[PDB]
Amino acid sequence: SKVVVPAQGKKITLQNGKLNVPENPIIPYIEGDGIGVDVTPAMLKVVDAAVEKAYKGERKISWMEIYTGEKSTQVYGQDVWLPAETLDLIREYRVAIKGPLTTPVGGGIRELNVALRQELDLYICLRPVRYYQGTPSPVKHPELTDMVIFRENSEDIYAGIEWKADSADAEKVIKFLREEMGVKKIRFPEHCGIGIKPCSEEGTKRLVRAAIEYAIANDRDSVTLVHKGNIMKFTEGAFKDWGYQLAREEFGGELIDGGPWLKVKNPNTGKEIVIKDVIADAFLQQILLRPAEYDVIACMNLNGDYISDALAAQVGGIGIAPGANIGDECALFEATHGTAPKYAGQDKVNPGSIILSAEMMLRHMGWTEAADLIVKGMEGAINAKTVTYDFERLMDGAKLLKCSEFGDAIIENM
């Protein structure tokens, strides 16, 4: 192993489903491909500053670099794109953060980001989207956007079950469907690629459960199940039916009017939480035309991937869109954006995304004060109109800052 365990740090433990965070926790991190080389260093500095200022030296993170992707090949050798120790370490230290990752073409290499999520069973993809005062947005009222996406992270089409057109496997599968299952619906069975889409009751319910619990835990107004159930009855439709069923069976969901919407009483604030659903295509117009009407979103893997980007663009873009992959044993924080090789190495991209993901990590560890300083700094720097390229557009009088520069601006406004 080429990983070096920090000497002055201590491992975080999980006792009774509750995190036990030391004052010197060891936090593993993956630099990331492309721009990850730009944003990650900015994140480490901003986090260290937030922690240093919040607890005046009482607390401190012991960063431990781990590898995945290109750098892993440089470190562990050719073909070692995702070392087993990397998965071992994330699960063992409970909390980790990663920069963007890119999977090479071919080589029989599976998508590295999806591999991490699925190998660690981090079934929740949590992506909160809200507006930051001063952020240049293409819409008229970005302030109306304040939602939290709970995207199922372990099934759907992301299962990776598919076969190439004209391949022996594809023909074998197509032969079984037409001959044994009597399927006559394939328009062109020749030179036809095939993909499988699974959706289970347990996969659906553990995701929705987390979404409702988060709504209750943070006193949100509603949980909206987004699906395309009118066309995919047994997968997307099942997801919606299972979600409503869980709200009734586990949260005392009560019929609103003649339904289908339910109301769940917040055990804490006594507030009634609305449980509704919207068809995916229609939802894409709704978030733009009636944003204020939506809060927490529970949806399947693919739909969540699309909604994440559509919402982010509403409040400034993917440069300010954080996220987290959460499971029962550990959590891996990461920004919604990619490696943008186009800008890679230029120290020009917006580090806000990975930084706000670190803010989620801090909150997750219970270091809410350090988390609050990051939000304060971010809001201060953006308001000071000292921002990165992606914000400069739709920004008159804004001063352009380099990636590392913006990080410093955040610390300056803490």
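One-based numbering along the sequence shown.
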Practice prompt. Higher average CA B factor in the deposited record is what I'm after, so tell me if that's 100-108 or 209-217.
Written response: 100-108
Worksheet item: When the C-alpha temperature factors are averaged for each of 299-307 and 263-271, which stretch ends up with the higher value in the entry?
Response: 263-271
Item to complete: Could you check 166, 277, 121, 155 and tell me which one carries the biggest Cα B-factor in the deposited entry?
Response: 166
Discussion item. Given 359, 48, 369, 347, identify the residue with the highest C-alpha B factor in the PDB entry.
Written reply: 347
Item to complete: Using the B-factor values recorded in the entry, state whether the Cα atom of residue 190 falls in the lowest, middle or highest third among the modelled residues of its chain.
Response: middle
Item to complete: Name the third of the chain's ranked CA B-factors that contains residue 143, choosing lowest, middle or highest.
Response: highest
Worksheet item: Once the chain's modelled residues are ordered by C-alpha B factor and cut into thirds, is residue 227 in the lowest, middle or highest one?
Response: lowest
Response to the item:
For residue 184, the third of its chain by CA B-factor is the highest
Worksheet item: When the modelled residues of the chain are sorted by Cα temperature factor, does residue 79 land in the lowest, middle or highest third?
Response: highest
